Amino acid sequence: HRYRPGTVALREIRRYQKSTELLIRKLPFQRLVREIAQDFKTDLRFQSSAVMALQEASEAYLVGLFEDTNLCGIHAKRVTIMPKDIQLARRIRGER
Amino acid sequence: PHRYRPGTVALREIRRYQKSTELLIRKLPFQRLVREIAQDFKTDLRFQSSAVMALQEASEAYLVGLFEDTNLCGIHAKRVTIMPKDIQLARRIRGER
Amino acid sequence: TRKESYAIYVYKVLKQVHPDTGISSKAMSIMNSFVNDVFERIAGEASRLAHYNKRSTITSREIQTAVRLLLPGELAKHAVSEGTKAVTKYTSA
Amino acid sequence: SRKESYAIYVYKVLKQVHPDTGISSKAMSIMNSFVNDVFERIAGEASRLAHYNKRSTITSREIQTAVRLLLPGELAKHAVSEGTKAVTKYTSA
Amino acid sequence: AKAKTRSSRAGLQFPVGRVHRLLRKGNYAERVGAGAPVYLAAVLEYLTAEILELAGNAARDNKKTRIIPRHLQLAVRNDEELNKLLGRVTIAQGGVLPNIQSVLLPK
Amino acid sequence: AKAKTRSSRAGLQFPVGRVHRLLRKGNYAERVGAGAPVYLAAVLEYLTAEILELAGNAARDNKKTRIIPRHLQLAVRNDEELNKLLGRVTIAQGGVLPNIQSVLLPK
Amino acid sequence: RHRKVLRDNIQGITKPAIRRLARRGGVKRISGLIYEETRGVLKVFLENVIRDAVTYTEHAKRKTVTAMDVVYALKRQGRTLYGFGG
Amino acid sequence: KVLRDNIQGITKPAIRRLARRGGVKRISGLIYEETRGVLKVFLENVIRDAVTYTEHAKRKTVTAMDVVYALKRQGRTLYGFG
Amino acid sequence: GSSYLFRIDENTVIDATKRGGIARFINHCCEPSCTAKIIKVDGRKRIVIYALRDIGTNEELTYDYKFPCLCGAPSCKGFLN
DNA sequence: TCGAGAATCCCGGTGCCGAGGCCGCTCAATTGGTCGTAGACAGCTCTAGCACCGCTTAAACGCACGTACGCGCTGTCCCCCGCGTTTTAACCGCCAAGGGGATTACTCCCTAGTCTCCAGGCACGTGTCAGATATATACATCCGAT
DNA sequence: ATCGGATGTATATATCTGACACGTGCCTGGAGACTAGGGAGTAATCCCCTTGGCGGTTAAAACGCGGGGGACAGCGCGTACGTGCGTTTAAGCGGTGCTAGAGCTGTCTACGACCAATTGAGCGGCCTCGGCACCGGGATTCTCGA
Ligand SMILES: C[S@@+](CC[C@H](N)C(=O)[O-])C[C@H]1O[C@@H](n2cnc3c(N)ncnc32)[C@H](O)[C@@H]1O
Ligand SMILES: [Zn+2]
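Laid out in structure tokens, this is it:
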């Protein structure tokens, strides 16, 4: 009955940290890889276990960014990440 | 007297030291700091006199590359100071400790 | 034709320290890929170290001084002692 | 003893682009230790590309693909085209 | 103990035959010494034993017999000096270490 | 152009004699091809030419003739491609790029 | 047969899929502007990996980006991936 | 002689002279003990790999190249000393 | 009716009426966007016009002369001198 | 919106040494020969990737809503900057001394290379067992109302 | 403090499945014998560079002071993110077809290793001088209390 703002999220976190399936879906991510690989060759043919190795290496990086988005958004004394938090964590790490 | 305001001996000494090369940590408290830490690994090690300065230059240009990363992490909290809850952020982001 | 692995040599050491416990096929491929990666860190580091002293031989002395660089701390004090035990027990036997 | 360097060879490129300027002996040891670093990243990377494909030769094609792996963007495209311009003076003449 | 199969002369379970092959046609140096693949096969035994001790250790806590990759990340990231060794790495289909930052926990 | 000194056959100023030596007694692969030290000496010519173009370029701004190491960091960090190539590196006795974060500038 | 210039497959990385990657990172409240910023940071990570992943095949003279070559592309950037060989 | 507390010779201006090169404006005075807890952590990593490259070479002198290989180990480099 | 000279040192000028480069064509504004430091190249001093600020695409350059102001700028002195 | 102040800039003269230009001089570069073998061909088999379709519904999508969090605006006080005066150890330039690095020169023993042997271990076909859904349930944390 | 549901979460059977631990065959890589050989160890010199000391000189640190502003808490607002409920619209799936490309075998031609025979560019050593350190006058200018 419209449980409180915030504790669906802490029930959502403990589900997802205790599970290990892949979070981005297979077919939209397979069309993102076949879009970005059009710039570097035309009519490539991805071997279908190399659109898992581009998934489990990419969402293990996006998760590892949100662990470092959250540590700097806590640092600004709030609980809301923002795009001025992400571009700190990419800049301090040295992706710029 | 003619009093310089709090803030513009800083923004002079930024633009002085960024426009200069030379070593900022004095060499004799770095010659005897390196020999402290080497005395816990292998006793009675001589140092080549270049190999102190190769340690000084890689430590002066590490701490500068740290302090450019706290000051982005401090401005992020709308401050102009830097506190030790910034160095322990900018090392944790960069995967140091 | 044939693709070699470290699949069986992991499997004896699994049944050595956990003698009832199996392993999967995906989590064998990690432990197959982990052994190949600690090789090319150690034999990489023990190759440049042979070059820096202008020797041409990876002897046992280099891999003592390549484990002691990569392996951080208490794994270094063990895997040196697990090495020189096993290089005496090869030589003396 | 004879400890070689790239000291005179950098000097003949400084007296091409800027034919009046000189160079300090500290900023010679940087360029002597720059060339010794881009060597080990090009021959270091083109010793994996001629090992993953089970070849055994560093040909002149891997040093092309080593350079397009390391060098970013528009330094890759100009140094690739500086390469094949200079190996074709070698093959004809 | 034995004569054939130099691992059995050393007392390892990792092959010293394969490691001495992979130090020559990997081109690491010119002339690999005879003691060198013995020392290297013992270290690769020990680090595989250190992981698979801790891997099946955290398989009994989740009460399953066989080891899935999720147990390997729980053996690696929970350790204090295997996390430094596998610092850069991502273990595929392996989850994360369960933690919340404790500011976000309720009152 | 010439016959001796392969660099002069290629038209480089970097030696192709030394680079073909340092691809064999550096032990990078078994058999280095004949075109391979030519291509590698041309690239190391070009990256040395790209730096020393930009180094003495910012030597002119300073107004000094010779290049000190301070001019090399001003040639490397001001250029994006070079910066990417030399990302990890620290050029010894070389200062920093002069910048202040513009929040700290006065009103 | 079909010359389809594929565009806007980036909008398949959906707003309830950046939420669940946020949850596994363990973060609580997400802004409205994250969802068009993470796709800017996803398309930068995939551009660097696939450009190296193609180059490893384009040198190897194939038309398949096989999973040995994605793993080698990730190993060169210092993000090793255990699970597919090497 | 066995020495202690040499790290307080990295004195309170010499942290703040270093921090101006980073381009910081105000330095809260608790920094001067966090920074010496960072320079000691950093020099323990470099010198212990620098001693190890001498210990292999059977020497009693940490030479100039044996720091540059210990820096190239950790992911820095130093151009200038060889 | 145009001052197409310049000064390197106080003895000699660089004329630009009949000969010259394209560097002469930029006019005066009292607010600067370019200066010209005198550098020396191999014994003889060329005169080189840098920028001060990030000039944009088709943003018209300025130059101070330092000896009316027809720039149209308000924040200026109403003359050249 | 500014005149006193002071730090910086800048331009000058005079001096230092370290960049640059040569003189001889050795070992590394050249080459011009053999020599097999690595890679370059076509060629062929096949399998794995792609294209498609029907379905089933799990998940994205949109909207409405109310609520808590960001933000901004205050005041406070504390603590950091600024600076003068005294203090002390860094620095430079001596000294000298000897340890250890660097090279040379015999010497030898480890190993590379080759062959002869053979079983370890690789892929394959096998049953079987520890799983994961499929299913009702006891109770931890959560919530509106008290 | 605590009720009343209550509701998803973690705790127990069921039982089917297709993943895995296991049993046969074989084959190729590993093991030994031994050979020549060069690379490393082990002596030896020798002298270069580091450790030690000290006598200065003084820049620099250490200290203390005032005062100012920046941090930090508080409060209030308003907006926008969450919650969910209701609804679409592909994802997933499995299935069949299809074929383009990957892998392998086998021929066979170019080509890099290697050897010696020669030598000439490159390093080391030595002279030398001009580019920049190093300070002085002044002109600007950069702030701040008028
Ligand atoms: C130094 S020349 C400039 C080049 C010249 N305007 C041309 O483009 O050929 C001097 C000329 O600039 C113009 N000028 C000088 N001061 C100016 C100003 N403050 N605003 C606009 N024009 C100016 C004068 O008319 C004079 O003829
Ligand atoms: Zn105007």
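Protein chains in written order, with the deposited numbering: chain E, 39 to 134; chain A, 38 to 134; chain D, 29 to 121; chain H, 29 to 121; chain C, 12 to 118; chain G, 12 to 118; chain F, 17 to 102; chain B, 20 to 101; chain M, 910 to 976, 987 to 1000.
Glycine included, every Cβ here is placed at the ideal spot set by N, Cα and C.
Member of the options whose CA lies at the smallest distance from the CA of residue i
{"i": "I50/B", "options": "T30/B, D68/B, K91/B", "result": "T30/B"}
{"i": "residue 136/A", "options": "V65/B, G28/B, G48/B", "result": "Residue 136/A lies beyond the stretch modelled for chain A, which goes from 38 to 134, so this question has no answer here."}
{"i": "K59/B", "options": "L126/A, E50/A, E97/A, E59/A", "result": "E97/A"}
{"i": "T58/E", "options": "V87/C, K118/C, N94/C, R81/C", "result": "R81/C"}
{"i": "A47/C", "options": "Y37/D, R96/D, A55/D, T87/D", "result": "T87/D"}
{"i": "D123/A", "options": "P121/E, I130/E, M120/E, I124/E", "result": "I130/E"}
{"i": "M90/E", "options": "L70/E, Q125/E, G132/E, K64/E", "result": "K64/E"}
{"i": "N38/G", "options": "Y39/H, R76/H, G101/H", "result": "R76/H"}
{"i": "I948/M", "options": "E940/M, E969/M, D918/M, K996/M", "result": "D918/M"}
{"i": "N25/B", "options": "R40/A, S87/A, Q76/A, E50/A", "result": "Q76/A"}
{"i": "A932/M", "options": "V950/M, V957/M, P941/M", "result": "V957/M"}
{"i": "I74/E", "options": "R23/F, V57/F, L37/F, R39/F", "result": "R23/F"}
Buried or exposed by the 16-neighbour rule on C-beta atoms within 10 Å, applied to residue i
{"i": "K954/M", "result": "exposed"}
{"i": "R20/G", "result": "buried"}
{"i": "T87/H", "result": "buried"}
{"i": "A12/C", "result": "exposed"}
{"i": "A69/B", "result": "buried"}
{"i": "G111/H", "result": "buried"}
{"i": "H75/F", "result": "buried"}
{"i": "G42/F", "result": "buried"}
{"i": "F934/M", "result": "exposed"}
{"i": "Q93/F", "result": "exposed"}
{"i": "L116/G", "result": "exposed"}
{"i": "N60/D", "result": "buried"}
{"i": "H39/E", "result": "exposed"}
{"i": "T73/B", "result": "buried"}
Contact set between residue i and chain D, taken where Cβ atoms lie within less than 9 angstroms
{"i": "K74/C", "result": "What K74/C touches in chain D: nothing, since even the nearest Cβ is about 12 angstroms away."}
Neighbouring residues, chain F, relative to residue i (Cβ below 8 angstroms)
{"i": "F62/D", "result": "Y98"}
{"i": "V101/E", "result": "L37, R40, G41"}
beta-carbon residue i near ligand 1 non-hydrogen atom, thresh 6 angstroms
{"i": "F934/M", "result": "yes"}
{"i": "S912/M", "result": "yes"}
{"i": "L90/B", "result": "no"}
{"i": "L999/M", "result": "yes"}
Residue i: contacting residues in chain M (beta-carbon distance under 7 angstroms)
{"i": "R71/G", "result": "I948"}
Contacts of residue i in chain E (Cβ-Cβ under 8 angstroms)
{"i": "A114/A", "result": "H113, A114, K115"}
Contact list for residue i against chain H, beta-carbon separation under 7 angstroms
{"i": "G101/B", "result": "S61"}
7 angstroms Cβ cut-off: residues of chain G touching residue i
{"i": "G42/B", "result": "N110, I111, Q112"}
{"i": "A88/A", "result": "Those within 7 angstroms of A88/A in chain G number zero; the least Cβ separation is about 13 angstroms."}
8 angstroms Cβ cut-off: residues of chain D touching residue i
{"i": "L83/C", "result": "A55, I58, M59"}
Contact list for residue i against chain A, beta-carbon separation under 9 angstroms
{"i": "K79/B", "result": "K79, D81, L82, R83"}
Cross-chain neighbours of residue i in chain A, by beta carbon under 7 angstroms
{"i": "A76/B", "result": "The premise fails here: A76/B is roughly 12 angstroms from chain A at the closest Cβ pair, so nothing lies under 7 angstroms."}
7 angstroms Cβ cut-off: residues of chain E touching residue i
{"i": "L115/C", "result": "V117"}
Neighbouring residues, chain H, relative to residue i (Cβ below 9 angstroms)
{"i": "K118/G", "result": "Correct list: empty, because the minimum Cβ distance to chain H is about 39 angstroms."}
Exercise for the section: Taking 7 angstroms as the limit, tell me which residues put their C-beta closer than that to any heavy atom of ligand 2, in chain order. Expected result: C938/M, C939/M, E940/M, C988/M, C990/M, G991/M, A992/M, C995/M
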